[PDB]
Amino acid sequence: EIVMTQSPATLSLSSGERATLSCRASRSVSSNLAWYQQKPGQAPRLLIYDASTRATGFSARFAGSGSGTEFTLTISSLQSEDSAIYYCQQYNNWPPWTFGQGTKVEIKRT
Amino acid sequence: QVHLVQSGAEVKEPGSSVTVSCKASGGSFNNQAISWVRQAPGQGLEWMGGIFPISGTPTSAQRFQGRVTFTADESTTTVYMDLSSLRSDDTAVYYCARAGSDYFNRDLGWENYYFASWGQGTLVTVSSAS
Amino acid sequence: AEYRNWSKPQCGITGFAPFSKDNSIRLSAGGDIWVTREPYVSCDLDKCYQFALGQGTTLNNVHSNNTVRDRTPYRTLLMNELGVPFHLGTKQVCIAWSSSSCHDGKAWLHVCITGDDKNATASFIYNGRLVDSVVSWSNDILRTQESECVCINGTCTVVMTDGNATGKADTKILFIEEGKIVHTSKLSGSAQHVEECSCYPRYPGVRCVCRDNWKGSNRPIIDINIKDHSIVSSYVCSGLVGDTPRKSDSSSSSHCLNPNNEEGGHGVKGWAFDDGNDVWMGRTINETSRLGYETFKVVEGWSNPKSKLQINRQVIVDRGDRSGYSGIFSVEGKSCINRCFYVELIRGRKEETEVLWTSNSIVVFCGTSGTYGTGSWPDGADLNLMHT
Amino acid sequence: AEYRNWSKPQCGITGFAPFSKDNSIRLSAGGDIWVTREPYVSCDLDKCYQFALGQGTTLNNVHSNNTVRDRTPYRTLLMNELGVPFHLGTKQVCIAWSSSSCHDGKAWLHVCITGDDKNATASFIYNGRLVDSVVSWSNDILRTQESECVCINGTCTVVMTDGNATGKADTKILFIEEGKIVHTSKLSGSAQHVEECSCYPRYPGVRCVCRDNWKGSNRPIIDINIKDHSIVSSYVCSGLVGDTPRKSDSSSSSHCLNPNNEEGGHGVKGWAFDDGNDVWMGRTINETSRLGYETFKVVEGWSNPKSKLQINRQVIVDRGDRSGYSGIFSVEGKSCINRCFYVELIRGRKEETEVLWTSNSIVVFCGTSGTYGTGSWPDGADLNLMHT
Amino acid sequence: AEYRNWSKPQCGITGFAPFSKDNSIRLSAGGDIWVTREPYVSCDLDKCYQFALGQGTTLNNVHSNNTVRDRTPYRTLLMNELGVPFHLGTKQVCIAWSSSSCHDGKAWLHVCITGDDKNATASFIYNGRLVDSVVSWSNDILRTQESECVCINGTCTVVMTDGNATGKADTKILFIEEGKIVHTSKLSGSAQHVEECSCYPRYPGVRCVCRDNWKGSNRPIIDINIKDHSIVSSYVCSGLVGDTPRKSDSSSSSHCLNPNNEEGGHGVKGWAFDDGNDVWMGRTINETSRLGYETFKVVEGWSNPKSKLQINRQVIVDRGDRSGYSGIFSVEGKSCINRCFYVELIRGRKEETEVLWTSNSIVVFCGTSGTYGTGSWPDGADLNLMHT
Ligand SMILES: *[C@@H]1O[C@H](CO)[C@@H](O[C@@H]2O[C@H](CO)[C@@H](O[C@@H]3O[C@H](CO[C@H]4O[C@H](CO[C@H]5O[C@H](CO)[C@@H](O)[C@H](O)[C@@H]5O)[C@@H](O)[C@H](O[C@H]5O[C@H](CO)[C@@H](O)[C@H](O)[C@@H]5O)[C@@H]4O)[C@@H](O)[C@H](O[C@H]4O[C@H](CO)[C@@H](O)[C@H](O)[C@@H]4O[C@H]4O[C@H](CO)[C@@H](O)[C@H](O)[C@@H]4O)[C@@H]3O)[C@H](O)[C@H]2NC(C)=O)[C@H](O)[C@H]1NC(C)=O
Ligand SMILES: *[C@@H]1O[C@H](CO)[C@@H](O[C@@H]2O[C@H](CO)[C@@H](O[C@@H]3O[C@H](CO[C@H]4O[C@H](CO[C@H]5O[C@H](CO)[C@@H](O)[C@H](O)[C@@H]5O)[C@@H](O)[C@H](O[C@H]5O[C@H](CO)[C@@H](O)[C@H](O)[C@@H]5O)[C@@H]4O)[C@@H](O)[C@H](O[C@H]4O[C@H](CO)[C@@H](O)[C@H](O)[C@@H]4O[C@H]4O[C@H](CO)[C@@H](O)[C@H](O)[C@@H]4O)[C@@H]3O)[C@H](O)[C@H]2NC(C)=O)[C@H](O)[C@H]1NC(C)=O
Ligand SMILES: *[C@@H]1O[C@H](CO)[C@@H](O[C@@H]2O[C@H](CO)[C@@H](O[C@@H]3O[C@H](CO[C@H]4O[C@H](CO[C@H]5O[C@H](CO)[C@@H](O)[C@H](O)[C@@H]5O)[C@@H](O)[C@H](O[C@H]5O[C@H](CO)[C@@H](O)[C@H](O)[C@@H]5O)[C@@H]4O)[C@@H](O)[C@H](O[C@H]4O[C@H](CO)[C@@H](O)[C@H](O)[C@@H]4O[C@H]4O[C@H](CO)[C@@H](O)[C@H](O)[C@@H]4O)[C@@H]3O)[C@H](O)[C@H]2NC(C)=O)[C@H](O)[C@H]1NC(C)=O
Ligand SMILES: *[C@@H]1O[C@H](CO[C@@H]2O[C@@H](C)[C@@H](O)[C@@H](O)[C@@H]2O)[C@@H](O[C@@H]2O[C@H](CO)[C@@H](O)[C@H](O)[C@H]2NC(C)=O)[C@H](O)[C@H]1NC(C)=O
Ligand SMILES: *[C@@H]1O[C@H](CO[C@@H]2O[C@@H](C)[C@@H](O)[C@@H](O)[C@@H]2O)[C@@H](O[C@@H]2O[C@H](CO)[C@@H](O)[C@H](O)[C@H]2NC(C)=O)[C@H](O)[C@H]1NC(C)=O
Ligand SMILES: *[C@@H]1O[C@H](CO)[C@@H](O[C@@H]2O[C@H](CO)[C@@H](O)[C@H](O)[C@H]2NC(C)=O)[C@H](O)[C@H]1NC(C)=O
Ligand SMILES: *[C@@H]1O[C@H](CO)[C@@H](O[C@@H]2O[C@H](CO)[C@@H](O)[C@H](O)[C@H]2NC(C)=O)[C@H](O)[C@H]1NC(C)=O
Ligand SMILES: *[C@@H]1O[C@H](CO)[C@@H](O[C@@H]2O[C@H](CO)[C@@H](O)[C@H](O)[C@H]2NC(C)=O)[C@H](O)[C@H]1NC(C)=O
Ligand SMILES: *[C@@H]1O[C@H](CO)[C@@H](O[C@@H]2O[C@H](CO)[C@@H](O)[C@H](O)[C@H]2NC(C)=O)[C@H](O)[C@H]1NC(C)=O
Ligand SMILES: *[C@@H]1O[C@H](CO)[C@@H](O[C@@H]2O[C@H](CO)[C@@H](O)[C@H](O)[C@H]2NC(C)=O)[C@H](O)[C@H]1NC(C)=O
Ligand SMILES: *[C@@H]1O[C@H](CO)[C@@H](O[C@@H]2O[C@H](CO)[C@@H](O)[C@H](O)[C@H]2NC(C)=O)[C@H](O)[C@H]1NC(C)=O
Ligand SMILES: *[C@@H]1O[C@H](CO)[C@@H](O[C@@H]2O[C@H](CO)[C@@H](O)[C@H](O)[C@H]2NC(C)=O)[C@H](O)[C@H]1NC(C)=O
Ligand SMILES: *[C@@H]1O[C@H](CO)[C@@H](O[C@@H]2O[C@H](CO)[C@@H](O)[C@H](O)[C@H]2NC(C)=O)[C@H](O)[C@H]1NC(C)=O
Ligand SMILES: *[C@@H]1O[C@H](CO)[C@@H](O[C@@H]2O[C@H](CO)[C@@H](O)[C@H](O)[C@H]2NC(C)=O)[C@H](O)[C@H]1NC(C)=O
Ligand SMILES: [Ca+2]
Ligand SMILES: [Ca+2]
Ligand SMILES: [Ca+2]
Ligand SMILES: [Ca+2]
C-alpha cells in the first residue's frame, strides 16, 4: 500500500560533520513516521517517533523533522558509534506498516 | 522494566513449519501489540503481523496471510508465531517487537504502531542439509 | 397496525434538498448535550428518529476526555425525534457500542452489541423488551451496520460481521421476526470484506452498500432475498469510487465483481443507490481524509465500471470542513419510496487538539423530484472559543 | 381527521385580551434557552405552537456572539407548544433562515428556505417528511412570510419572493397540497413591493397584509383565491399607516391602490384585518424605530383612504420599550374565527451594546368580544445585569 | 368524554395521608427551577396538576432579586403534572398575576388576570384558546381564588373580587360554560370581605371557604347554586378559627353570621369543609405568623360557634418551619369524592435575608378513610448554603 523511499542509499562523512538522511512516503502519512538505528549484528533501536520525538536511548544531537509526505533525520557532530543502517517506518493508522529500504552510514576517517 | 526473550535459532526442511516464541521479562504483558518483523540476510526490515496479548485481535501482511498465525497466553506470558509451509527464501532473522499501539478502533484503525522494544531475533533457516 | 412492505416504486430523484441539522456541538458550548459518534436516522410510520452511540457522558463534563475509543462498557444507544438534540432527557434504548435499529410497522427493533472485544453479545430488543441474543462467532469484535436495518412483511434483516470481516467466514445476514432470530445466512458472492452496511428496501428484496477496509476503495453491494433468505454480493461498478481513502478521479478504476485493489486499506461508512443503470452516491470531497461531502449521479455507474460521467453534483459540506460516516435511510411517501441520507460531522480528537473530547453533529438531506440550489451546512462549532 | 376549511364567520372584536408571554430573555439569564428571531404562532385543531428561527446556539454560549446576522447555515426552525420557552429539548423541525408553517387539519406543513443568498432552496416538509423543493427564481435571497401559511380544504397557500430589497422584486404565491406544489401564480394587481406577508383565512379566500420595503409606508394587501389560484393586490386604505418608518399621523397620507411614497424605503412585518369597512391593525408606537406597540380600529379605514378616525387603542408595549416583527394568526372557536397576534420583542445588538447577542421574547394577544383593561408587557430582561 | 358532575357522596375521612412534595427550593440550589408563589393543585379525569404564578425567572438568575411583589407584567401561570418540579420545560398557560383553573371533564378552563392595578383584565382560556374577557369593575386590583375553580355539568364557577373586596359591591361569582361567561351574581348574605376562596364541589352546589382581610379571623363561607345562580354567605362557626392572624384558642371566639372582629385585619388563604355538624380544617400552627401547619376536626364546629373540641390533629409542617397559602382540591374516587389539600412553603424575602428572592415549594396531602401516623414535611432547603 504506502511505499517508503529513503535516500541516500549510502552516506559517508567524517567525524564531527553533520549527517542528513531523507525519507519520502508514496502518499502523506500525517507525522506517523518513526526512525530506527541498526548497528551490525543487533536488533533495531527506536531513534525518533511522531516524526520528531526522540527516544530515551539518544541525545539531542539526533534531530527528526518534517511532516506530510517528506521527513529527515539530522545527526549533529558524527561519532564512531553512529555507523549503522538507518530506517524510516510509517504507521499511518492502517496496515501494512511499511519500512524504508534503509541508509548505510559510513564514517569517513583517515 | 519490560524486554522480550525469544526462542533459540531454528533449522527446518522446506514445506515444514516453525513455532517462534516471545516471552515478557516483566512477568506480565500489557495490551501493547506484539509484532513480528523479519530481516533476510543483507536486506531491509519486513513486518509480517502481530497480536494484542489481552484483547487478541490478530493482523497479518498479504505476503504472510496464509503461511502465518499468531497466538498468546498470559499464564506462560508468551506470544507464539507459527510460520507454516516454509521455503528456502524464508531463511531470515525473525524479531518479536512491542508496538506503542494497545487498542484497535473498528473505524480509525491503530494508533502508535511503532516498535519501541525488540527481541534478540530468532535466526530461522530453511534447508535440506543436516 | 399492519407490518411495512415498502412495495411502492422508488421516487424520481433530481438531487437532494436540505431536511434537518442538530447543531449538537454549537449547543454543547452552553448546555448539557451527550457526547456521541456513529449516528444514524430511521423513521416509523409518522416520524423520523435520530440515533447515536453515546459515550456515557455530556460534552461539558470530566468524563468527556479520551472519548475517541469506539468500545467501552458505558456506550448506550441514544434515541430522539429527528432535530431534538441529545440533551439529558434523551432515552438510552440499550447497552451498545455497535448498533442498528428499524421499525417493522408495529414496533422498533434494536440490535445492540456490547461486551468483551473477544466475546461480545448482540441483544435483539423489540417492542421495548429483550427477545433474543447471539454471541460473537469469530471471537474478534462482533459488529453491525451503525445505520437502520430493513423490515419487509415483519422480517427484519441486519448484516453482522466478526473478525477482519472476511466474506462467508465472518459476515452473516440475520433474519429477525418480532425480535426472534428466525434464520441466518452466510455472506455469498464476490464481496471479500463487508462492514458497516447502509441498507435500503428494494422490494421484494433489500440492498446494502458497505465498507471494504482491506481490498476495495470501490464499495461492496449485498442483495438480500427476504422470501428464501438467499444472499448475493458484488461491488459498485462506478469508476468514480465512494470509499475514503481512494485514488484521484483522473486515475481511479473499479470492477463490478472484485475489489479494485486501489487504496483498499481502511474506509468510511457511506452509501449509494441504483436509479436504473445510473447510481446516486455520496462521498467525502477529499480523497484521503474525511473533509467535505458531495453527492452526485454517475451515468451508467451501476452497470458500466469504466463510466466517470458525473452530473447533479451537490456540495453538502465544503471541502475545508470535517465530515464522517454517512448512511441512507428510506421514507415512504404518498406514491413512492424516497431516499434520504445523513452525514456525521465529527469534531475534536484526534484531528482537533483544541478540545479533549471526540463528538459529532449531523446534517440530513432527502431526495427531491423538484429543484434545489446550493449551500454548505458544516458542524459550525468554534473549538478555539470552547477551547480547553 | 378532516382538512380545515375556516368556513365560520369572523368573531366580533372589541379589542385584544392578553393571551401568552414566553419570558425567554429573562429565563436565558439563568437557563439553557435558544437564541431566536422572526418568531410566529400557529395552531393545530387542539393547541397553539410557537415557532422561531434559531441561530444554532443557546444565549449563554460562545456561539451567541454576532447573532445579528439574518442568514447562516446553522439557522433551524424551532417548534414548541405556545408558552413553552425554547429550552434544549426544543425540536428543530427543518434547516431554515426564512420560513412559514401551517396545519391543514391532518398534518403540519413547514416551508423552509436555506442555502446560498444567490441560489437558495425552499424545502416543503409535510407530515414530518420532505415532499417537494424549489430553487430561487431571481437569484437574490428567496424568502417567505416569517408567519403562518393558510390552508383551506387541504390546499395551503404561501407567499414567496425573490429579488431586490429596495427595487423591483419577483413575488409568487405557491399552492401546496400535502407538501406537493400543485400551482404557482405570479403576483398581480397594484402592489409594487411585497415581503413578509401576514395572512389570514377569509373563507372562501385567503387575505394577506404585507411589508413594502421600497415605496410604501402604507401596507400592501393580497387577496388569494384558493379555488382558481387567481391573485389580486392593493394597499391598506387608512390614512393612519401601519409600516415603520412612516410620517407622523398629523402629516401621513395613504392610497388604496398605490404605495404612498412617504418613508417608503425599509419597513417592518406587521398585520391588519377588515371588520366591514373598518380596519384593525397593529404598529410600533414610534414612527421611525421599532419601539413600543399599539393596536387600534380605524373607522372606514379598510375603504376610505382619507380616514384617520381611530378608536379602541391599546398599548401592548409602552413607547419606551423594544418591539419587532408582529403577525396575525387565526384560531377557530366554537362559532366564529378569532384573530390573534404576536409581537416579537427584540433585545441586544445592534441597538443594545451591553450584550454581544441578538435575540427575542414574544407576547401574544387574542381578539375578544368581551371587555379588557390596560397594561404594558415588554420583554423585561435587564441587559445591565446579564451584561458582557 | 362527558362533563364532570361530582354527584358521588363525600368520602369518609379519619384524617389526611401524605401524597406529594415538589422539593422545588432544594432542587433550585443545583438546577434551572422557576421562581413561584400562590401555587395550587387541580386534577383532570386521570392526573393531578400543580399550578403556580411564575415571576418570569428561574431562581439562580439575576432577575430573581426583588421577586417579593405579587403583581408584575411578567407573571405567568405555570402548569405541570403533580410532582414534576417547575423546570424550564414547564408550560406558561397564560399571562397572569392572579388565577384559577379547573377541568370540566372535557378541557381545562384558566381564569387569568393581568394588566394595570387600576384597570386589570381577566382572560378566560378554555381548550387552549381565549374565549372571553372582563375588565376590572371596582378599578382597584381585580383578583380571583389562587386555587381551583369548580365545574358541575360544564358550568364552571369562579369567585372574583375588586377594591377592598366589600360584600355585594366588590365580590362577584362568574358562571362560565366552555370559557364563555354565561352569568354573573353579586355576593349575597352576611360575608363582609371575601378573597382567595378555596372551593369544593358539594353536589348539587359548590361551597367555598375564603379569607377576610379586614374584620374576621373566622373564615367566610359562600354557597353557590349552579342551577339558579343564587348565592348565600356566612362564616365558619368553629370557636377554633382558621385565619392568621387570630387570637389564642383559649381566648378566641367566633360567629356563624358575622366576622368575629378579633385580629380581623390581614389573613392567609386556607380551607375548611363540612363533615355533617363537624368541620375539617387546616391552619398555621403559630397564631400571628405563617409558621407550621396543622389540620384537625372540630366536633360540631360547622354549626356550634362555642365549640372548641378538636380531635384527629396532624402536624403537616412543624411550628418552627415556614408555611404559606393552603387550599382544598377534590379528587373523584371509585365510589366517593375525596378532599385533598396543598400547603405553599414560602422561603426567602422578606423574613429570610440569606437570599434576594422569594419563592415556594409545596407539600400535598389527601383525605383517607384508613389509618396514618405522624411526621413533618417542611420545605427543607438550607438558605445558609445557597446564600447570596
Ligand atoms: C444553483 O444551484 C444549482 C443546483 O445545485 C446549480 O446547478 C448544478 O450545478 C452543478 C455544477 O457543478 C452541476 O453538476 C455538474 O455537472 C457537470 C456535468 O454537466 C455538464 O455536462 C453535461 C454533459 O456534457 C455533454 O453533453 C452536452 C449536451 O447535454 C454537450 O453540450 C457536451 O459537449 C457534452 O457532450 C451536460 O449535459 C450538462 O448540461 C445540462 O446540465 C446543466 C446544469 O449542470 C444545464 O445548465 C444544462 O441546460 C443541461 O441540462 C452540463 O453542461 C459535471 O462536469 C460536474 O462535475 C465536475 O465538476 C465538479 C466541480 O463543480 C468536480 O468536482 C467534478 O470532479 C467534475 O469535474 C471533473 O470532470 C469533468 C468532466 O466530467 C471535467 O470537465 C473537469 O475538468 C474534472 O475533470 C458536476 O457534476 C449540476 O448538474 C447542476 N444541477 C442542476 C439541477 O442544474 C447551479 O450551478 C447553481 N447556480 C449558482 C449561480 O450557484
Ligand atoms: C381602562 O381600559 C380601557 C380599555 O382598554 C380604556 O378605554 C380605552 O381608552 C382609549 C384611550 O386611548 C380609547 O381609545 C381612543 O379612542 C379615541 C376615540 O374615542 C373617543 O372619541 C369618540 C368620538 O368623539 C367625537 O364624537 C362624539 C359623538 O359621537 C362627540 O361627543 C365628541 O365630542 C367627539 O366630537 C367617542 O365616541 C368616544 O366615546 C366612547 O369611548 C369613551 C372611552 O374612551 C367612553 O367614555 C364613551 O362613553 C364612549 O363609549 C371617545 O370619547 C381616540 O381619539 C384615541 O386615539 C387618540 O389618542 C391616542 C392616545 O390615547 C393617540 O395615540 C392617538 O394618535 C389619537 O390621538 C390623535 O387623535 C385624536 C382624535 O382621534 C386627537 O384628539 C389627538 O389630538 C390626536 O391628534 C384612542 O383610539 C378606547 O376607545 C377605550 N376603549 C374602550 C373599549 O373603552 C380606559 O381608558 C382605561 N381606564 C383607565 C382608568 O385606565
Ligand atoms: C402516631 O400517629 C397517630 C395518628 O396521627 C397519633 O394519634 C393522634 O394523636 C393526636 C394527639 O394530638 C390526637 O389528636 C388530639 O385529640 C385530642 C382529643 O382526643 C382525646 O380526647 C377525647 C375526648 O375526651 C373527653 O371525653 C372522654 C369520653 O369520651 C373522656 O374520657 C375524657 O376525659 C374527656 O372528657 C377522647 O375521645 C380521645 O380518645 C380517643 O382518641 C385517642 C387518640 O387521640 C385514643 O387513644 C382513644 O382510644 C380514643 O379513641 C382522646 O383522649 C385533643 O385534645 C388534641 O388537641 C389538643 O392537643 C393538641 C396537641 O396535640 C393541641 O395543639 C390542641 O390545641 C389541643 O390542646 C388544647 O385542648 C386540650 C383538650 O382538647 C387541652 O388538654 C390542652 O391543654 C389545650 O388547651 C388533638 O386533637 C389524634 O386524635 C390521634 N389520631 C388518631 C387517629 O388516633 C399518635 O399520637 C402517634 N403516636 C406516636 C407514638 O407518635
Ligand atoms: C482475515 O483473517 C482471515 C482469518 O485467518 C486467520 O486469522 C489470521 C489473522 C491469521 O491468524 C491466519 O493464519 C488465520 O487463518 C484470513 O483468512 C485466511 O486466508 C488465507 C488466504 O490468505 C486462507 O488460506 C485461510 O484458510 C484463511 N483462514 C481461515 C481460518 O479461513 C483472511 O485472509 C484475512 N484477510 C485480511 C485482509 O486480513
Ligand atoms: C436594487 O435597486 C436599487 C435601486 O435602483 C434600481 O436598480 C438598479 C440596478 C437599476 O435597475 C435602477 O433603474 C433601479 O431603479 C439599486 O440602487 C443603486 O445602487 C448603485 C450602487 O450599487 C448606485 O450607484 C445607484 O445610484 C443606486 N440607484 C438608485 C436609484 O438608488 C441597487 O443597486 C439594486 N441592487 C442590486 C443588487 O442590483
Ligand atoms: C403493502 O401494504 C399496504 C398497506 O400499508 C397494502 O395496501 C392496503 O391493502 C389493503 C387490502 O387490500 C386495503 O384495505 C388498504 O386500503 C390498502 N392501503 C393502501 C394505502 O393502499 C398493500 O396491498 C401491500 N402490498 C403488498 C405487495 O403486500
Ligand atoms: C409480503 O406479504 C404479502 C402478503 O402476504 C405478499 O403478497 C401476497 O402473496 C400471495 C402469494 O403470491 C398472494 O396470494 C396474495 O394475494 C399477495 N397479497 C398482496 C397484498 O400482494 C408478498 O408476496 C410478501 N412479500 C415479501 C417480500 O415477503
Ligand atoms: C485533503 O486532505 C488532507 C488531509 O486533511 C489535506 O492535507 C493538508 O495539507 C497541507 C499542505 O498542503 C498541510 O499543511 C496540512 O497539515 C494537511 N492537513 C492535515 C490534517 O494533515 C489536503 O490538503 C487535502 N487535499 C486535497 C487536494 O483535497
Ligand atoms: C367545514 O368543516 C366542518 C367540520 O369542521 C363541516 O361541518 C360538518 O359537516 C358534516 C357534513 O355535513 C357533518 O357530518 C358534521 O356533523 C359537521 N360538523 C359540524 C361540527 O358541524 C362544514 O360543513 C364544512 N363547511 C364547508 C362550507 O365546507
Ligand atoms: C371546500 O370544500 C367543500 C367540500 O368539498 C366545498 O363545499 C361543497 O361545495 C359543493 C358545490 O357547491 C357542494 O356540492 C357541497 O355540498 C359543499 N359542501 C359543503 C359542506 O358545503 C367548498 O365549496 C370548498 N371551498 C373552497 C373555497 O374550496
Ligand atoms: C423614536 O425612537 C428614536 C430612537 O430611539 C428616539 O431617538 C432618540 O431621541 C433623543 C432625543 O429625543 C436623542 O437624544 C437620542 O440620541 C435618540 N436616540 C437614537 C438612538 O438616535 C426618538 O426620540 C423616538 N421618538 C418618539 C416620537 O418617540
Ligand atoms: C354523573 O356522571 C356519571 C358518570 O361519571 C353518571 O353515571 C352514568 O349514568 C348513566 C345513566 O344512568 C349510566 O348509563 C352509566 O353507566 C353511568 N356511569 C357510571 C360510571 O356510573 C351519573 O348518572 C351522573 N349523575 C347525575 C346525577 O347526573
Ligand atoms: C347535572 O346534570 C344532570 C343531567 O342533565 C341533571 O340530572 C337530570 O335532571 C333532570 C331534571 O331533574 C332529570 O329529568 C334527569 O333524569 C336527570 N338525569 C340524571 C342522570 O340524574 C342534574 O340535575 C344536573 N345537576 C346540576 C347541579 O346541574
Ligand atoms: C410565633 O412566631 C413568632 C415568630 O414569627 C415567635 O416569636 C418569638 O417569640 C419569642 C417569645 O415567645 C421571642 O423570645 C423571640 O425573640 C421571637 N422571635 C421573633 C423573630 O420575633 C413566637 O414565639 C411564636 N409564638 C407561638 C406561641 O408559637
Ligand atoms: Ca477501502
Ligand atoms: Ca416601507
Ligand atoms: Ca447550568
Ligand atoms: Ca383576617
# chains A, B, ... in the order shown; residues from 1 in each chain; ligands from 1
$ residues_around --residues "residue 362 in chain D" --least-positions-apart "4" --cutoff "12 Å" --atoms "only C-alpha atoms" --output "PyMOL selection string"
(chain D and resi 18-26+36-41+50-52+82-86+316-317+322-327+341-347+377-380) or (chain E and resi 74+95)
$ residues_near_ligand --ligand "ligand 18" --cutoff "7 Å" --atoms "only C-alpha atoms and all ligand atoms" --output "list in words"
residues 211, 212, 213, 214, 215, 216, 217, 243, 244, 245, 263, 264, 265, 266 and 267 of chain E
$ residues_near_ligand --ligand "ligand 12" --cutoff "9 Å" --atoms "only C-alpha atoms and all ligand atoms" --output "PyMOL selection string"
chain E and resi 2-8+153+203-204+334
$ residues_around --residues "range 32-39 of chain A" --least-positions-apart "2" --cutoff "9 Å" --atoms "only C-alpha atoms" --output "JSON, numbers by chain"
{"A": [29, 30, 41, 42, 43, 44, 45, 46, 47, 48, 49, 50, 51, 52, 53, 64, 67, 68, 71, 73, 81, 82, 83, 84, 85, 86, 87, 88, 89, 90, 91, 92, 93], "B": [111, 112, 113, 114, 115]}
$ write_last_selection --atoms "C-alpha atoms" --output "compact mmCIF listing (two decimals), in the first residue's frame"
# COMPACT_ATOMS: atom_id res chain seq x y z
CA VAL A 29 1.45 9.85 6.45
CA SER A 30 0.37 12.84 8.72
CA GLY A 41 24.62 -7.95 14.15
CA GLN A 42 21.98 -6.39 16.54
CA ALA A 43 18.18 -5.77 16.70
CA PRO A 44 17.00 -2.29 15.51
CA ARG A 45 16.59 0.55 18.09
CA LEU A 46 13.96 3.36 18.02
CA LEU A 47 15.60 6.82 17.37
CA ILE A 48 12.53 9.03 16.66
CA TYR A 49 8.71 8.64 16.73
CA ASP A 50 5.87 11.04 15.70
CA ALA A 51 8.41 12.45 13.12
CA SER A 52 10.34 14.48 15.84
CA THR A 53 10.07 12.99 19.42
CA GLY A 64 13.98 14.37 13.46
CA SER A 67 5.63 16.32 8.05
CA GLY A 68 3.06 15.13 5.48
CA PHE A 71 10.88 13.64 6.54
CA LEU A 73 16.87 12.75 10.29
CA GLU A 81 29.34 4.63 17.23
CA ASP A 82 26.99 6.24 14.58
CA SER A 83 27.99 3.72 11.80
CA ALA A 84 24.71 1.75 11.41
CA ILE A 85 21.82 1.14 8.96
CA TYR A 86 19.10 3.81 9.49
CA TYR A 87 15.46 3.03 8.52
CA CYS A 88 12.25 5.12 8.44
CA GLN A 89 8.84 3.44 9.14
CA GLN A 90 5.29 4.77 8.61
CA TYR A 91 2.34 3.87 10.90
CA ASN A 92 -0.44 5.98 9.33
CA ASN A 93 -3.45 4.33 11.14
CA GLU B 111 -2.56 4.47 16.87
CA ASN B 112 1.23 4.41 17.65
CA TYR B 113 2.15 1.17 15.73
CA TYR B 114 5.90 1.88 16.05
CA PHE B 115 8.15 -0.76 17.66
$ residues_near_ligand --ligand "ligand 2" --cutoff "7 Å" --atoms "only C-alpha atoms and all ligand atoms" --output "PyMOL selection string"
(chain D and resi 14+249-250+296+309-314+371-374) or (chain E and resi 118-119)
$ residues_around --residues "range 120-125 of chain D" --least-positions-apart "5" --cutoff "8 Å" --atoms "only C-alpha atoms" --output "ChimeraX atom specification"
/C:17-19,371-375 /D:94,109-115,130-136,139,141-142,179-180
$ interface_residues --of "chain B" --to "chain C" --cutoff "8 Å" --atoms "only C-alpha atoms" --output "PyMOL selection string"
chain B and resi 55-57+105-109
$ write_last_selection --atoms "N, CA and C atoms" --output "PDB file, in the first residue's frame"
ATOM      1  N   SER B  55      -6.510  -8.395  24.366  1.00  0.00           N
ATOM      2  CA  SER B  55      -7.743  -8.236  23.547  1.00  0.00           C
ATOM      3  C   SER B  55      -7.749  -9.210  22.357  1.00  0.00           C
ATOM      4  N   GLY B  56      -6.591  -9.723  21.931  1.00  0.00           N
ATOM      5  CA  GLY B  56      -6.494 -10.863  20.991  1.00  0.00           C
ATOM      6  C   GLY B  56      -6.657 -10.568  19.498  1.00  0.00           C
ATOM      7  N   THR B  57      -7.011  -9.369  19.014  1.00  0.00           N
ATOM      8  CA  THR B  57      -7.216  -9.121  17.547  1.00  0.00           C
ATOM      9  C   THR B  57      -5.904  -9.344  16.790  1.00  0.00           C
ATOM     10  N   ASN B 105      -9.295   0.390  16.969  1.00  0.00           N
ATOM     11  CA  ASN B 105     -10.596   1.077  16.805  1.00  0.00           C
ATOM     12  C   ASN B 105     -11.199   0.600  15.501  1.00  0.00           C
ATOM     13  N   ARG B 106     -12.399   0.030  15.511  1.00  0.00           N
ATOM     14  CA  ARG B 106     -13.056  -0.525  14.304  1.00  0.00           C
ATOM     15  C   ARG B 106     -12.967   0.467  13.140  1.00  0.00           C
ATOM     16  N   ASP B 107     -13.202   1.720  13.469  1.00  0.00           N
ATOM     17  CA  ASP B 107     -13.320   2.797  12.489  1.00  0.00           C
ATOM     18  C   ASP B 107     -11.946   3.345  12.160  1.00  0.00           C
ATOM     19  N   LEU B 108     -11.196   3.805  13.150  1.00  0.00           N
ATOM     20  CA  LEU B 108      -9.945   4.575  12.922  1.00  0.00           C
ATOM     21  C   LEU B 108      -8.685   3.690  12.825  1.00  0.00           C
ATOM     22  N   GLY B 109      -8.746   2.387  13.068  1.00  0.00           N
ATOM     23  CA  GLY B 109      -7.548   1.527  12.984  1.00  0.00           C
ATOM     24  C   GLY B 109      -6.652   1.601  14.214  1.00  0.00           C
TER      25      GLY B 109
END
$ closest_residue --among "A:15, A:80, A:10, A:103" --to "chain B" --atoms "only C-alpha atoms"
A:103
$ select_by_dssp --residues "range 68-154 of chain D" --states "strand (DSSP E)" --output "PyMOL selection string"
chain D and resi 76-81+91-95+98-103+108-116+119-126+129-135+150-152
$ residues_around --residues "residue 174 in chain D" --least-positions-apart "4" --cutoff "8 Å" --atoms "only C-alpha atoms" --output "list in words"
residues 157, 158, 159, 160, 181, 182, 183, 184 and 185 of chain D
$ interface_residues --of "chain A" --to "chain C" --cutoff "12 Å" --atoms "only C-alpha atoms" --output "MDAnalysis selection string"
chainID A and resid 1:3 26:31 92:97
$ residues_around --residues "residue 107 in chain A" --least-positions-apart "4" --cutoff "6 Å" --atoms "only C-alpha atoms" --output "count of residues only"
3
$ interface_residues --of "chain C" --to "chain E" --cutoff "12 Å" --atoms "only C-alpha atoms" --output "JSON, numbers by chain"
{"C": [31, 32, 89]}
$ atom_distance --atom1 "CA of residue 87 in chain B" --atom2 "CA of residue 16 in chain B"
8.3 Å
$ residues_near_ligand --ligand "ligand 4" --cutoff "9 Å" --atoms "only C-alpha atoms and all ligand atoms" --output "ChimeraX atom specification"
/B:49-51,57-71,82-83 /C:138,163-167,169-170,192-193,213-215,265
$ closest_residue --among "B:79, B:54, B:92, B:45" --to "chain A" --atoms "only C-alpha atoms"
B:45
$ select_by_dssp --residues "range 45-244 of chain C" --states "helix (DSSP H, G or I)" --output "PyMOL selection string"
chain C and resi 62-64+167-170
$ residues_around --residues "residue 12 in chain B" --least-positions-apart "2" --cutoff "7 Å" --atoms "only C-alpha atoms" --output "ChimeraX atom specification"
/B:10,14,16,125-127
$ residues_near_ligand --ligand "ligand 11" --cutoff "12 Å" --atoms "only C-alpha atoms and all ligand atoms" --output "list in words"
residues 244, 245, 246, 247, 248, 249, 284, 285, 286, 287, 288, 289, 290, 291, 292, 293, 318, 319, 320, 321, 322, 323, 350, 351, 352 and 353 of chain D
